[PDB]
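Student: Provided herewith is a single structure, encoded as structure tokens, for subsequent inquiry.
Bear in mind these aren't lab numbers, they're just calculated from the coordinates by the rules spelled out. Here the Cβ positions follow ideal geometry from the backbone for every residue, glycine too, while neighbour counts run over all protein chains shown.
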Amino acid sequence: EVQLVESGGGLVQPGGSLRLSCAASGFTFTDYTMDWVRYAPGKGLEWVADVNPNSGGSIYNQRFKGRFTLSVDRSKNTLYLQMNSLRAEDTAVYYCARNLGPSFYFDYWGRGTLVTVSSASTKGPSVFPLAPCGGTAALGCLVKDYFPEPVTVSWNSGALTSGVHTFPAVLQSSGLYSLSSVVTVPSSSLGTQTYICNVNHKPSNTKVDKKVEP
Amino acid sequence: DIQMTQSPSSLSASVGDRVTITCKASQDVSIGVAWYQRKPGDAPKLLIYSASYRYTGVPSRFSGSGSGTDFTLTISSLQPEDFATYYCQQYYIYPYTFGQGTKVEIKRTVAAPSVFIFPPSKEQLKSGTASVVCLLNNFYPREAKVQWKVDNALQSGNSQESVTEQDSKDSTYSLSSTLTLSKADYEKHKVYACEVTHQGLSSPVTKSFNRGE
């Protein structure tokens, strides 16, 4: 199974440096070219750079030349993207990708790591239950005032997935994010089954398991 | 740099329709064009390479055609799971540029929202703030209005709404409207309500609660 695991992403102040890494597994590392591609809403997709794991030779997009350095460690099956002098314009999800030969189309992509370039500080969310005072009933969780993005929400440790609606985060006036996670369940289960939402905001290491009681 | 211009920027089509997305190159690229599918919160998936060659495991409905400067991606029979942003990419000339993308939305039958209201929690009230949430579940089309009332008085500038991406299975949208008030403002009133207007509803719907019940 081919997998490209990215790390080193997160919040960085403007003018700051970040080093992204991509652990490659499930294939012969030195047999394919490795790349970094970035995504930003409204801006679309942009090829950043490529490195040949066999030689160590790397080619950069003229916008990122000098500013970013792409190295590799064959013994560790990891490629590194040193990103220097980061600006707000650099805020994007950075993807690790694989290609073969002179054809730069990418068959395998990593999960993507979000890089947030901001002067603001890390703030964990406050987690509050959403419970009511027919056949179907709704219950949820309010994940309020956190920075930076993202947050993950699961219900009953990942057992409950159907009818789950985790709303996109809304940026508030304060510069802090806020979101809601809801779930539609049968009304008869409210008194016989326990509903717990599990919230994880990795930047602040806040892991909350809130029980929702009607 | 070679520009890759996609047309249209967005489109809507019913399940089973033939969808046609075009890509224009600023100069000749022969058949060095790839197509990708990017679903929300997911990494782009490779669909087509060499302008017409379909990648392994890609459904038969997806097909590419064209050479030189004019390229097309076709979905023979649109499915509810095909909701995504599609990108063309020229890959034989550096810096192997991608098109802006085309957001494919699914047209479906009108579906009325199931509306729910949530009072601020006891845990939140000890923090000096109060959030009242109004949920509009699984509806079509995307257009819906949510009005807030406190002690039968219309609210303005103190609510924020969030809409989920089109559901990959039933092609419906969900909305949440959060009314934010101070603990003081919440403790000085009793009736809290949200009025929902949507095409699937014959007349507006109201959900409400009385603080201290």
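Student: Check chain B and count each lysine pair with an alpha-carbon distance under 12 angstrom, considering only pairs eight or more places apart or from different chains.
Tutor: Total qualifying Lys-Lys pairs in chain B comes to 5.
Student: Follow-up. Under the definition of partner shielding as Cβ atoms of other protein chains within 10 Å of a residue Cβ, what is the mean value for peptide A:140-152?
Tutor: Across the residues of A:140-152, the mean count of other-chain Cβ atoms within 10 Å is 2.
Student: Further question: Arranged by the count of other C-beta atoms within 10 angstrom, fewest first, what order do A:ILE196, B:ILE106 take?
Tutor: A:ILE196, B:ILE106
Student: Skipping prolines and chain starts, which residues have an amide H placed within reach, meaning under 5 Å, of the one on B:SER121, given they are 5 or more residues away or on another chain?
Tutor: So B:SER121 has HN proximity to B:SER131.
Student: Taking each residue in A:100-107, count the Cβ atoms of any other chain within 10 Å of its Cβ, then average. What number comes out?
Tutor: That works out to 6 on average.
Student: While we're on this one: Three principal axis extents, largest first, for the C-alpha atoms of segment B:65-161, in Å?
Tutor: Between the extreme Cα coordinates on each principal axis of segment B:65-161 lie 65, 36, 24 Å.
Student: What per residue convex hull volume, in Å³, do the alpha-carbon atoms of the protein assembly as shown yield?
Tutor: Dividing the Cα hull volume of the protein assembly as shown by its residues yields 158 Å³.
Student: Under the Karplus relation 6.51 cos²θ - 1.76 cosθ + 1.60, θ = phi - 60°, what is the ordered set of whole-Hz ³J(HN,Hα) values for segment A:196-209, x standing for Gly and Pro?
Tutor: Along segment A:196-209, the couplings run 10, 9, 10, 10, 9, 10, 4, x, 9, 6, 8, 10, 10, 10 Hz.
Student: Every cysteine in chain A with no other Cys Cβ under 4.7 Å from its Cβ, please list them in numeric order.
Tutor: Here A:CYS133 come out as lacking a disulfide-compatible partner, given the Cβ-Cβ threshold of under 4.7 Å.
Student: Sorted by packing (mean other beta-carbon atoms within 10 Å per residue), highest first, where do B:135-147, B:179-191 land?
Tutor: B:135-147, B:179-191
Student: Can you sort B:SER76, B:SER10, B:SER121, A:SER21 so the residue with the fewest Cβ neighbours within 10 Å comes first?
Tutor: B:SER10, B:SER76, A:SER21, B:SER121
Student: From Cα coordinates alone, what are the radius of gyration and Dmax values for chain A in angstrom?
Tutor: 20.8, 66
Student: List the relative contact order of chain B as a percent without decimals, with contacts defined as Cα pairs under 8 Å and 6+ residues apart.
Tutor: Answer for chain B is 19 percent.
Student: Taking the Cα centre of the protein assembly as shown as origin, sum charge times position over the Cβ atoms of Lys and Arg (+1) and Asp and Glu (-1), and report the length of that vector in debye to the nearest 20.
Tutor: With only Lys, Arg, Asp and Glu charged at Cβ, the dipole is about 540 debye.
Student: While we're here: Expressed as a fraction of 2.2 N^0.38 Å, the rule-of-thumb size for a compact globular protein of N residues, what is the C-alpha radius of gyration of segment B:109-213?
Tutor: Scaled against compact globular proteins, the figure is 1.12.
Student: Let me ask something else. Quick one: if you take sqrt(5λ) for each eigenvalue of the C-alpha gyration tensor of segment B:8-80, what semi-axes come out, biggest first, whole angstrom?
Tutor: 20, 14, 13
Student: Next question. Can you say what percent of the DSSP beta bridges in segment A:1-153, counting only those with both residues inside, are antiparallel? Round to 5.
Tutor: Within segment A:1-153, antiparallel bridges account for around 95 percent of the total.
Student: How far is it, in nm, from the label point at B:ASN152 to the one at B:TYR94 when both lie 7 Å from their Cα along the line to the Cβ?
Tutor: 7.4 nm
Student: Here's something else I'd like to know. Starting from the coordinates of the alpha-carbon atoms of chain B, obtain the Kirkwood hydrodynamic radius over all distinct pairs and give the value in Å to one decimal.
Tutor: About 20.1 Å, per the Kirkwood formula over Cα pairs.
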